[PDB]
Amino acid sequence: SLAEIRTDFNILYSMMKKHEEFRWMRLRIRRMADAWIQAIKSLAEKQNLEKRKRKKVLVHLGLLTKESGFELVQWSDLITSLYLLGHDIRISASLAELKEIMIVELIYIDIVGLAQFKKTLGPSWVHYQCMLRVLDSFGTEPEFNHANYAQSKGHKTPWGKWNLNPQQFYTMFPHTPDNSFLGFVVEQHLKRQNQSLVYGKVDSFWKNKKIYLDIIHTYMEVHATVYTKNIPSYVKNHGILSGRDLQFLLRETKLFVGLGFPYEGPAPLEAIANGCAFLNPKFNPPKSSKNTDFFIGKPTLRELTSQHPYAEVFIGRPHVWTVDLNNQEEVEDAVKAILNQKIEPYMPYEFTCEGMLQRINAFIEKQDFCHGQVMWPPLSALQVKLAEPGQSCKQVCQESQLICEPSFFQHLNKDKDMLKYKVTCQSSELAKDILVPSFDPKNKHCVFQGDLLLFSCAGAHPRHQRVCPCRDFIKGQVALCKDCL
């Protein structure tokens, strides 16, 4: 009944072949087989992976059911990680298989599949909800997760209102510390020219970018991989390329040119992994559900400061140049600096096979939401910081090379507890608000949280200071504190 790491993928191929939609993921795993097997072996050498309980795991892809009416790289890398860790995976892609499978101990599912889960099981779905790990690309902030609080704000979300522990939501990039960062692996299939490659397979992505692209064209060739109105005539199109052929072109390319869309994708990381610089359009104002139709109705008010905020903040220069495209002299300076500077290929640790294996194994072994409030990460990692007015708990932790840990909020929510962190409450009141525990420096006063489901890393107090729980993290592995293994 103990998990045994796997080093042969034959059983995984037979599992994935039962679903036609995984055809190209089976091809991707076969390419990445050696990288996966070397990573699981390396993880078993660096950490004690013995005596782990074998878990029966449901993986329900709601987006693949025909009832949804409706991405897959994350699912495959999650399934592969579970498989290599030795767990018992039951893949579901319809209401029928979901009914049959529903002895289960972990449920990976998307929000669309979650509504199918609630309907298939009826009221006893809440009996299982602490086992849910909800793949939610753009993240869910507590303001939208708390159904009654969402109504009080007027939030119209088809995606929120689920009243889960917000750490049960698993995001595509570490942009929402209220959630868990699941991510994926950037596949690496493997002389550089004065040429750029535009990020964008759709011609409509190129509208209005002529002035922008003309600046780059002054210094480099402009290449593309497009399916042609908005494409300048000087663009050297390559057509659609296999992933392997795309990476050879990336090794030939100095600059990967972002157009502003799509947001938060894997392609910039794959460019950087092959020695490309990424020109990352900066957004003023930042784009969110409040001002961008692409984000309308998302269960979050997160603001994207650029096309790829992860690349902007967690990678940065010299690999990522975040520039407002209207600042033509700044764009000229960036393209020119990238022209002579030699950058070496860079891949963040958390987006490698071993990084994800370590991350997902820690989540499986340490994340427990079935006994009320949480005890992992350990309290030892708690580093308290006070955010300034207009600053969120996410920001005050990030600026100090830490990250907000929502499970620590419970330890900063009363008078006596605040003494340990050098904040003296002459007087205290309680509020049900995502912005508390708030501190009042100009006047003694503390406001504590009256609804524990409203603990929120996101959100900035407009007048007061926020008491913010931060934690360290293993370098290149934002999801794990140093003592979290």
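Each residue number is its position in the shown sequence, starting from 1.
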When the other entries of this protein are compared, is residue 227 unmodelled in at least a third of them?
yes
Among the other entries of this protein that were compared (only those with both neighbours built), does residue 451 lack coordinates in at least a third?
no
Zero if continuous, otherwise a range: how many residues of the deposited sequence are missing coordinates between residue 337 and residue 338 (none, 1 to 3, 4 to 9, 10 or more)?
none
If the chain runs straight from residue 227 to residue 228, say none; otherwise bin the unmodelled deposited residues as 1 to 3, 4 to 9, or 10 or more.
1 to 3
What stretch has the higher average Cα B-factor here, 105-113 or 249-257?
249-257
Which has higher Cα B-factors on average according to the PDB entry: 141-149 or 345-353?
345-353
Select one of 280, 395, 167, 288: the residue whose C-alpha shows the highest B-factor in the crystal structure entry.
395
Among 90, 359, 118, 99, where is the Cα B factor highest in this entry?
99
In terms of the chain's CA B-factor thirds, is residue 381 lowest, middle or highest?
highest
Can you work out whether the C-alpha temperature factor of residue 443 puts it in the lowest, middle or highest third of the chain?
highest
Would you please rank residue 78 by its C-alpha temperature factor against the other modelled residues of its chain and give the third it falls in: lowest, middle or highest?
lowest
Could you place residue 406 in the lowest, middle or highest third of its chain by Cα temperature factor, using the values in the record?
lowest
B-factor third for the C-alpha atom of residue 155 within its chain
middle
